[PDB]
Structures are given as structure tokens and as C-alpha cells.
Amino acid sequence: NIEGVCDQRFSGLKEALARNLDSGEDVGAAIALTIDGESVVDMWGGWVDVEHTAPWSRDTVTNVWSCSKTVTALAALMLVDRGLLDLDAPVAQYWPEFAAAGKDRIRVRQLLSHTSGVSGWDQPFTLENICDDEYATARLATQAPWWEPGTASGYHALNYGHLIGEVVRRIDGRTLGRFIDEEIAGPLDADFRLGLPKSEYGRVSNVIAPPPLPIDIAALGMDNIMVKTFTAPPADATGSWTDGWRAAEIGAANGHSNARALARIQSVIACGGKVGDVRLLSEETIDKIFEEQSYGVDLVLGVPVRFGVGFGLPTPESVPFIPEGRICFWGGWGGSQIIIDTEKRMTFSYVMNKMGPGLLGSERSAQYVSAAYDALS
């Protein structure tokens, strides 16, 4: 039983979602797809929890973990489009405290491409620490890079929003979470926000944690950058249920939204900077997204990744279900996807509550993305 609309071209996408819901591989999911700004696929099915307390409704939202990075990146690119933020300027030019420990030459674009060298917090760090916005932001400004900036990419797993958000805050005045609401989510009427206000607790579906790892990476060395990044706050999807997590602003993983809002937000990039009569970027600023910034094995994700400014670029060897072309994308822990195909001017989005293993796509993510692209030919 699937609610919402789904174009007849994408029938095979609807059958995959239905059969995944019947088998339990998806507990509650939502798949959205816009073309040239107009909603073409907007579906959802399944339940809010494993106990079938309530079905996934239209405005059900959940934690969308790293899809929030695309909204954080969109906010930064908007300050660039207005001429207030220079991608080539050092981040210390806007954030003076960041110049400490030899970071005075790190450029703003390197924050957005995960090549800055600051991919996580130094290890006096806890789940409570990341919930303190100004404390977590100040800690990063004191750190030395974990590798030579621009030399490689290391996925800024949980501090991505703190780094870029502080640059946004010192330029605009508003916090990153508020900038998103007043300049992106508001003008486009999109159901996205950093965190979750208590007034919206009723329509949230708590994510289901991925399978436990056979070893706790404890006693296997923080000599590795990947371990330092993923243990800065200890990885626990359950932490996204807490009130402290939903009260903070973590532009890397804090977003609470659904597939319809993500596909609608990012339709600005797919349609050339304007959906309807709300233009947030020019095509000159959108061109900066698809300028390749880095390619190589990521120090954190452990696979080859091609990074643009704020988005990933097609990497068939690591993300095989996304074709090549002027396509930018990212996804969230558990399997969530947000894809921007400016050639077809479409946006795809898949949002679930049962988190699969891995921070790249899951088995379901490949089925849904492939079905969406098979129908488009």
C-alpha cells in the first residue's frame, strides 16, 4: 500500500518500493522525483516503526543524515552567488581563530570538498560535546590538520556543518540552521530543518540503527584518520533520537526532512538556479559545483571519490548506480540519496528509517536509483 503520486514512466520504481516494503527490507520509505521543477514522483509507504504504530504519512520526516550536507553546501554557495563569500579566500579571512595551528592558508572551497585536513574533532570529544554548537565550533579552530590540505580528501563526517556554518555565521550574522530556514526552506516551502523542534516530534519517524559492527574499533588505533573521524563522537545512530541531537545545529548530519523536501530544495540546482520564481543561485555559481576539486581514495570512506564544491561527482567504481555526466549528488548514512541531474534537470531523493550498513548507498538505494534512471531512457 503506497500513497502519493507516481508517473506511469516510473512504474518499475513503484514496484521496487512496494516489494521492498512487503519484505521488510524497507520499514518506512519515501521516494521523490522532480523534473524541470515540477513534482513527477512523490510516494511513501510502510510504517513509522517496526511495531506498526502508525503508517508513513505525507509529512512524515526523519533524520536524513548526510543529505543535510547538500543543504549546508547550498547555503554556502548562496553567499558565493551574492558575492559575500570567496571560495578561493582563506577561511581565516572570515574566521580569524581558524588560522591557529598552521591553518591560515586553507581555502573555503577546501572545506566544501573535504580536503581541508580537518575531518573530525580531536579526541577529547563526546556525544554531549557535538550538541554544544559554539563549543564544538571553537574546538575545531584550535586543531592542526590531520593531513596536508589539498593533498587528499577526508570525509568531514560530522563536523562539515560546523566548519561551513561558522563561515556562514560570521558573514551573514545568522546561524547556519536559521539561514537555511529563512533563505532556503522558507522561500521554497520545503520541509527541511537542521534539528527537530519539539512542536514537530509527532511526525518524526526514528531511524532504525544499522546492524552492529562485529568489533568495536577501540583498541585498533587512532593513528588512522578514518578512526579519528568516525570516533570523534562515537558512532551511534541511536544518538539521533535524543533531545540534545534535535536541539543542536549539525549541518553534516542533523537534518530532519523527507524525500519530497530534498528533491524540491535541490531542484534549484537542477533547473539552473530558479524553480518557479524563487532564484537562489545563478548558473555561474552552479558551474563552480561541477569543477572537479579532488579525486583519489578518500582517507575516511576508504574508496575512490570525486568531490566537487559541496557535492560528490560521478564515481562509477564506487557509486555504480549513478551515471556519468554533469550530475552532482550525495547521500546519508543508511542509504538515503539526493541526486541532482542538471542534464535532465531532474532531482531524485530516497529517504528511509531502516538504516542499511554503509555510508554510501545500500542495496535498496541501488534499486531505486537504477529504476529511476532506467525509466528516463
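Could you identify the single residue in 252, 263 that is outside any helix (DSSP H, G or I) and either hydrophobic (A, V, I, L, M, F, W, C) or at positive phi (or both)? Spell out how you get there, then give the answer.
Details: 263 fails: outside any helix (DSSP H, G or I).
When all the criteria are applied, what remains is 252.
Within segment 354-377, how many residues are of a type in the set (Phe, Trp, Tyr) and over 22 Å from residue 311 (Cβ atoms)? Total satisfying the criteria: 0. Scanning segment 129-160 for residues that are under 19 Å from the mean Cα position of the chain (by Cα) and more than 26 Å from residue 245 (Cα to Cα) yields one hit, 153.
Listed by first and then second residue, the pairs linking a residue in segment 224-243 that is loosely packed, with under 14 Cβ neighbours inside 10 Å to a residue that is not in a helix (DSSP H, G or I), with Cβ atoms under 7 Å apart and 6 or more places separating them unless they lie on different chains, are 238/209.
Close Cβ contacts (under 6 Å, 6 or more residues apart or on different chains) running from residues in segment 93-122 that are within 17 Å of residue 169 (Cβ to Cβ) to residues that are assigned to a loop (DSSP other than H, G, I, E, B) and acidic (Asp, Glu) are absent. Annotation: of all residues in segment 310-330 being among the small types (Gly, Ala, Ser) and assigned to a loop (DSSP other than H, G, I, E, B), the one that is surrounded by the most Cβ atoms within 10 Å (Cβ to Cβ) is 310. Residue count for segment 331-361 under the criterion of being surrounded by 24 or more Cβ atoms within 10 Å (Cβ to Cβ) and either closer than 19 Å to residue 34 by Cα or of a type in the set (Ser, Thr, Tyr) (or both): the result is 13. Scanning segment 57-87 for residues that are among the small types (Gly, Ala, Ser) and surrounded by fewer than 21 Cβ atoms within 10 Å (Cβ to Cβ), we see that the one that is farthest from the chain's Cα centre (by Cα) is 83. Counting only strands (runs of 3 or more DSSP E) that fall entirely inside segment 1-89 and contain at least 1 residues that are among the aliphatic types (A, V, I, L, M), touching a residue at least 12 places away in the same chain (Cβ under 8 Å) and out of contact with any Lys or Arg (no Cβ under 9 Å at 6 or more places or on another chain), the qualifying elements are 2-6, 28-35. Of the residues making up segment 176-223, just one is among the β-branched types (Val, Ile, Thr), closer than 30 Å to residue 271 by Cα and surrounded by fewer than 19 Cβ atoms within 10 Å (Cβ to Cβ), namely 204. Of all the numbered requirements in (1) buried (at least 20 other Cβ atoms within 10 Å of the Cβ); (2) over 18 Å from the mean Cα position of the chain (by Cα), residue 54 misses one, and that requirement is (1). Kindly evaluate residue 246 against the criterion of being closer than 30 Å to residue 50 by Cβ and touching a helix residue (DSSP H, G or I) at 6+ places or on another chain (Cβ under 9 Å). Criteria met by residue 246.
Condition (residue is in a loop (DSSP other than H, G, I, E, B) and more than 25 Å from residue 156 (Cα to Cα)) applied to segment 345-367: is it met by at least one residue? For segment 345-367, residues in a loop (DSSP other than H, G, I, E, B) and more than 25 Å from residue 156 (Cα to Cα): present. Beta carbons closer than 6 Å, at least 6 apart along the sequence or on distinct chains, never pair a first residue in segment 181-193 that is over 17 Å from residue 349 (Cα atoms) with a second that is crowded, with 21+ Cβ neighbours inside 10 Å and acidic (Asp, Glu).
Because the Cβ atoms are built from the backbone with ideal geometry, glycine has one as well, and the counts that use them run over all protein chains shown. Each reported figure results from applying straightforward, stated rules to the coordinates on display, with no laboratory input.
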